[PDB]
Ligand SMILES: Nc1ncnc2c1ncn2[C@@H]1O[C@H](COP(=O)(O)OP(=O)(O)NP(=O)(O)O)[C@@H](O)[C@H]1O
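In structure tokens, one chain follows: the form deposited without the ligand.
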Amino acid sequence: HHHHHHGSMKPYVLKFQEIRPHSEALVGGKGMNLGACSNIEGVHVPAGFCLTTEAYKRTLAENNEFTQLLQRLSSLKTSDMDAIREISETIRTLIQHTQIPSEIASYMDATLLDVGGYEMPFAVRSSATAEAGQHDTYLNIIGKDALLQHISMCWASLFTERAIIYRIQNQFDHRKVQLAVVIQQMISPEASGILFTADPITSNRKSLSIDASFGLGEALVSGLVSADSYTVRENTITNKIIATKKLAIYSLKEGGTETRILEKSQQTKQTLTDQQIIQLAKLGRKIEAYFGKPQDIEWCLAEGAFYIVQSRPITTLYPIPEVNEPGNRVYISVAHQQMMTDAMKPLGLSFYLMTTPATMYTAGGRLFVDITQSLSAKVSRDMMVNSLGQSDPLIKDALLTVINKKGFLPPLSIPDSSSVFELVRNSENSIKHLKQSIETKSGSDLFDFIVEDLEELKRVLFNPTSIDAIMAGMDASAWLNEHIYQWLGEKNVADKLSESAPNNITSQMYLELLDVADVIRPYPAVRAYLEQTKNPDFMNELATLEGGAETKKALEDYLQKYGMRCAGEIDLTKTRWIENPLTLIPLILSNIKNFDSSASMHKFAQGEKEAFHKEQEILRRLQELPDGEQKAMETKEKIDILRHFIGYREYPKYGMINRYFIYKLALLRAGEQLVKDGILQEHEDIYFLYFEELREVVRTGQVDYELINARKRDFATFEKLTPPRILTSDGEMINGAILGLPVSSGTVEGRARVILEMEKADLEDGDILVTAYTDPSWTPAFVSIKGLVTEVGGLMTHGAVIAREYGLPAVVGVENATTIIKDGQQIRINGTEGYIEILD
């Protein structure tokens, strides 16, 4: 008006502090969060602006030739060939020749003055948005032209066959992507590096580590530098891995870098001084606090000041549950006890928690139990450690390391022979009842109904009798294992006495599946069709073949009795065999390949034949001992208890799972009903609401999809994670000779491939890569290899964090690695100790 009609327009330049949230489609991710940095008190951010995505649009978006060219890339290519190289060349070439428009350049000119001038060199980091994976970063660029020039080279950075391929790989459209360019002042430093607010090996939130080099560090330069690595906890340098630095890399007169041979003596000087080390640490936490999340900070040291260049969230970090109890605590993965440790959708987490009175938490899509109380008493501690040695050992060891971390935790009826039959008979009936009622129910009454069923569930599946029956079997194997070991020196005797024990609903399912397999082996038509099929509705197509029909019925008998199970059954949202049979096939084919015909009778028979004859050796051997006739009769009492009960232990899960499925179908009806009422997009969207939230929705036609989509967002990130066997309130992940720096846990044996250029590389499924240093240019090649070795080193090296994420073992900072190790040699690297070994 008033704004002389200038309010609507989108700006080409945004100076940092001028950047405010909810712009991020203008300024990119790097910037939106580089902007945020300037804002924070008592921390120096080099001055600069942010050429925005508008610049990228009005110069490149409606350039029709460009658009056409994108169409001849985006549309067709699957990353199949040389086409990409050929056309990305073409696109690239075009972007640079395409001259920055005159208008825009002036807004730039103006803003460089007052920052300022031009005789000051620039960094031109490149910020992406999708309407990282990779993007170009340039340093020490001189003046208007080579800057004008380098903005274009930044844009073109979005085309290199690496980054295109990244977009074809995922779903990304080449037109839905637009770079922002960050322009900053250059800080010619004599020390620089990386900082993680959380231990890079551990994810402990109370360690803060630092790589520091002379001149340009590892993330700033892309060449062979050396760094010290420093660890700081509770305000005190804790660990100092000092490197002997013979080289550094500095900016130059013109724009490029030299390799300055450091004189002796300074090579073993602390890059930074302790008063600076801590000084940086506090600077670390200040920013950690401002953002709320642990941060990955790139820092410069100039004269005596500290300049934070870049700051992004740390992305790969298992969440700590919000447990509101104080002091250091221990959480054990129920994921691992259940052998599941796939991430759970929230509606599945609900039904789990809702069916157990035990106090469980949630973190990263998975369940945990707080056990830090049981560990506070000698008597309780001892019970815990002991029971986990039997079921799920290797959680024991993880527990055990917690027990003596020192800084960390404070210092200190066997029911009837009828019962099992009665328990089973009862649940089978309770279930028949359930099926009947649920198709009656509907709407907000379905939810009403199942909340009450959860009561019958807990009732019939976990009576006092059920618990005793389970436990009589368990307690019985224990007694035997210990006592026969105590008397005869034979360990784990219970595994063989309980072989082929009756009434094991699990055991019965696997044997029956072998019979399903046994059906198919005569008919090579059907077996060759099962392997070659992707049709979920295939059991229908089956009766065509000579083999099918016979096959079809046996699959239905099986799905009828065991279809409600699946690998991830504890989660009520995962697909049960009967929901898609296709998921049942690979077990069958793997059954008929490598199991002989008829092994249902055979296995199970020589099963008990071996159980009984272990019972005969034990009892005879025992009577040849002191008080031997009476211990022997004590054990026979126990072996009988064992076989009667050991199988029931497996049944309550089964019965609960049955009820889980019946709920599931009901809720999916509700879900499909909710879609033809137009409240949800796809019915499966219900999976992303906890039970009560979903119950609202059916009562009040209201849904908040900000919520659902954040849950979906979150679930995605969880899949990329893996729950520790035990998890700590500080976030610490506790799962079960040429020298160097361990950086990514593991141990692996392979063929050494010593490679200096990406392009020459040939990598096969065996190869361990050994090289001088590693770029984000090098990331493409981490799918292939099994370990990483590099000359460059530091906890948070590029190849150190990528190695980590892939899960490959890595040793960095081995001085001459490319000379000392010859290509082709078999080689063994340990990424949890720092060492490499040259073996024959």
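Only the largest set of C-alpha atoms that superpose within 1.5 Å between the two forms is called the rigid core. Residue numbers here begin at 1 and follow the sequence given.
Just so you know, the form deposited with the ligand bound exists too; it's not on screen, but the next bit is about it.
In the deposited complex, the ligand sits within 4.5 Å of a heavy atom belonging to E298. Shown alone here, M186 lies within 4.5 Å of the ligand in the deposited complex, counting heavy atoms only. Although the partner is absent here, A212 is not a contact residue: none of its heavy atoms lies within 4.5 angstroms of the ligand in the deposited complex. Taking non-hydrogen atoms only, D199 never approaches the ligand to within 4.5 angstroms in the deposited complex. None of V516, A156, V309, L721 but one reaches within 4.5 angstroms of the ligand in the deposited complex through a heavy atom, and that residue is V309.
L139 is the sole member of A670, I470, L139, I320 with a non-hydrogen atom lying within 4.5 angstroms of the ligand in the deposited complex.
Comment: 298-306 is the region of 298-306, 451-459, 650-658, 586-594 lying near the ligand in the deposited complex, near meaning a non-hydrogen atom within 4.5 Å. For the three residues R576, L665 and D685, a heavy atom within 4.5 Å of the ligand turns up in the deposited complex in no case. Residues of 745-780 placing a heavy atom within 4.5 Å of the ligand in the deposited complex: none. The one residue among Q630, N535, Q702, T268 whose Cα position changes by 2 Å or more between the shown form and the other one, with the core held fixed by superposition, is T268. With the core held fixed, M758 shows a CA shift of 2 Å or greater between the shown form and the other one. With the core superposed, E254 shows a C-alpha displacement of at least 2 Å between the shown form and the other one.
Comparing the forms between the shown form and the other one on their rigid core, the Cα displacement of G217 reaches 2 Å or more. Relative to the shown form, the CA atoms of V115 and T257 are brought 3 Å or more closer together in the deposited complex. The distance between the CA atoms of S79 and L60 is at least 3 Å longer in the deposited complex than in the form shown here.
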